[PDB]
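# Descriptive structure summary
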Amino acid sequence: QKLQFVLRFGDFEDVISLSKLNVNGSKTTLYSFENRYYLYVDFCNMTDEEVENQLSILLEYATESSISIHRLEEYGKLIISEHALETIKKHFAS
Amino acid sequence: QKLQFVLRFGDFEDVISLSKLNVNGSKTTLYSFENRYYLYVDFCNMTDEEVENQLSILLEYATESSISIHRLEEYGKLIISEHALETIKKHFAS
Amino acid sequence: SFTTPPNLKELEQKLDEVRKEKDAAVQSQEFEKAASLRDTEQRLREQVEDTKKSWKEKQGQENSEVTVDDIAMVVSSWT
Amino acid sequence: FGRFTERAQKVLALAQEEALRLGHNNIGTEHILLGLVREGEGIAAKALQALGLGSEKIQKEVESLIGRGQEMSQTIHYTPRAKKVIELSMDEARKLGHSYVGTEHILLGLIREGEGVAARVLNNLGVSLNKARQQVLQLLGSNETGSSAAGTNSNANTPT
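Conventions we followed
Residues numbered from 1 in each chain as written, not as in the entry; some residues may be left out. Chains lettered and ligands numbered in written order. Part of a larger assembly, values for the part shown. Heavy atoms only, no water. Residues with missing side-chain atoms left out of burial classes, pairs and counts. Contact = heavy atoms within 4.5 Å. Buried area = accessible area lost by both parts, 1.4 Å probe. Salt bridge = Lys/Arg side-chain N within 4 Å of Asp/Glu carboxyl O. Helix = DSSP H or I, 4+ residues; strand = E, 2+ residues; numbered from the N terminus. Pairing = 2+ DSSP bridges. Axes fitted to C-alpha atoms, helices over the stretch in contact; angles between N-to-C directions. Core = buried A, V, L, I, M, F, W, Y, C linked by side-chain atoms within 4.5 Å. Buried < 20%, exposed > 50% of the residue type's maximum accessible area, 1.4 Å probe, protein only. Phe/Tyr/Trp six-rings, centres within 6.5 Å; stacked < 30°, edge-to-face > 60°. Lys NZ or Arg CZ within 6 Å of the ring centre and 35° of its normal.

### Some details on the interface of chain D and chain A
How big an interface is tends to be stated in terms of the accessible area lost upon association of its parts. Across the boundary between the two partners, chain D contributes 22 residues, which contact 14 residues of chain A. On the chain D side of the contact with chain A, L65, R81 and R120 of chain D bury the most area, a combined 31% of that side's loss. Between chain D and chain A we count three salt bridges in total. A salt bridge links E64 of chain A to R81 of chain D, with the shortest nitrogen-to-oxygen separation between them at 3.2 Å. Contributing elements (two or more residues each) for the side of chain D that touches chain A: α4 (55-63), α5 (80-94) and α7 (117-124) of chain D.

### Some details on the arrangement of the chains
Among the three pairs of chains in contact, the pair with the most contacts is chains A and C. The two units chain C and chain D are non-contacting; their minimal C-alpha-C-alpha distance is 12 Å.

### Here we look at the sheet that holds strand β1 (residues 4-9) of chain B
All names here are of chain B. One open sheet accounts for five strands, arranged β4-β1-β3-β2-β5; its pairing is antiparallel. Since the sheet does not close on itself, it has two edges, and those belong to β4 (63-64) and β5 (78-80), each with one partner. As defined by bridge partners, β1 adjoins strand β3 (residues 36-43) across six bridges and the pair is classed as antiparallel. Its bridge partner lying in β3, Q4 is registered against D42. Sheet contacts for helix α1 (residues 12-19): β1, β2 (26-33), β3 and β5; angle to β1, the most-contacted strand, approximately 135°. Packed onto the sheet, helix α2 (residues 48-58) meets β1, β3 and β4 and runs at close to 5° relative to β1.

### Things to note about the nonpolar core
A general trend in soluble globular proteins is that nonpolar side chains are found buried together. Counting residues in hydrophobic clusters, the biggest one holds 46 residues, and the most contacted among them are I32, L33, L36, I58, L107, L110 and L122 of chain D. Contributing elements (two or more residues each) for this core: α1 (6-22), α2 (29-38), α3 (43-50), α4, α5, α6 (103-112), α7 and α8 (129-137) of chain D. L30, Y37, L59 and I80 of chain A belong to the second largest nonpolar core, which has 31 residues in total.

### Observations concerning the packing of aromatic side chains
Scanning the entire structure with this criterion turns up eight aromatic pairs over all chains. On the basis of an interplanar angle of 85° and a centroid distance of 6.1 Å, the ring pair of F5 of chain A and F43 of chain A is categorised as edge-to-face. Here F5 of chain A is found in strand β1 (residues 4-9), whereas its partner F43 of chain A is found in strand β3 (residues 36-43), with 38 residues between them in sequence. Judged on exposure class, the residue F5 of chain A and its partner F43 of chain A are both buried. Between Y31 of chain A and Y38 of chain A, the aromatic rings sit 6.4 Å apart at their centres with planes inclined by 70°, giving edge-to-face as the arrangement. There is no split in this pair, since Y31 of chain A and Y38 of chain A are both buried. An aromatic cluster is present here, built from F12, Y37 and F92 of chain A joined pairwise through their rings. The ring of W55 of chain C has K58 of chain C lying over it, and the distance from NZ or CZ to the ring centre is 4.6 Å.

Structure below.
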């Protein structure tokens, strides 16, 4: 199915709320665009149900964007890469 | 065919009229809705002819409503539970 | 009645300044210097919204007035 | 709207029960779905059960989408998907008459809100999502009111 999902969070603060209970074994990269923070989760070493599973949790604070990942990869604006959720907890929780 | 019917009465006085010779071994329930009284006869331990027979009689005092039974059960309004006709003879002949 | 929030119109103004600080801080990073800014932002934001319906107390206080004087003001108001 | 029927509001509150009971910070869409089938009967509840989705079928998938814990129920409001489902029932009842929203509209609304956790529960349990929205609809009869129907009178009155 899919092992990479593209999530939009309404503003950063939503991602923070989320980050603090999902960071995954999924390298993940977080952009800011339109002042809203997008989170691109890229599941590495997961199965499709396992991703739908996890992806539920993520989407307790987010929704699933229809925006193609290659649009991000070209014209995006990075804030934290690789372990974006992990980093957002650092750079936001307190 | 079915052994449960939803009949419409135009006024309470109609409900007595049905009650005053019908119970029918059929526990039966009387609703109030848009000032019309619906009467739901539910024949238990009768055959199709015995019910069609009876249903003739019923429709001397009532008419045969177009009410979908789970609509009644949900969005209706109770006056007397199963045994409604029995109850009505008290509650509308006195 | 509801000429502001409770006069807590200033709150929204604050929340603006936060978002900015937050946003711009996170765009540069200012990692933990964004941290506290997020927390201050969405904390504030929700607080604003809590007190924006605190002049729903001003609704239950005020929100029917269609009185002599009220009407009368209108009758003079239009002409 | 705050001018919904009980039935809607009930599937929704059943969502929160599953929020903490399954451990969810925010009451996910998976719980709104559970809410429909866990109220047993109701046109939604029944509907899922028609397709063969009893509480049994649903919850196995649901727990497999968010398991326990998260019993904290961290700022339990809905998930944004699930919040959409509430908005959805309101319109899913407007179109189908209903100014006061019932169970049915929420199941219909789930289908609409088809990337939701609920949606995936049903599309994982072999029941097509539209097969469910159908099912609610075909039990959402919405009989006559403001009028009556029980027979046919008149001949000459017809043309005039």
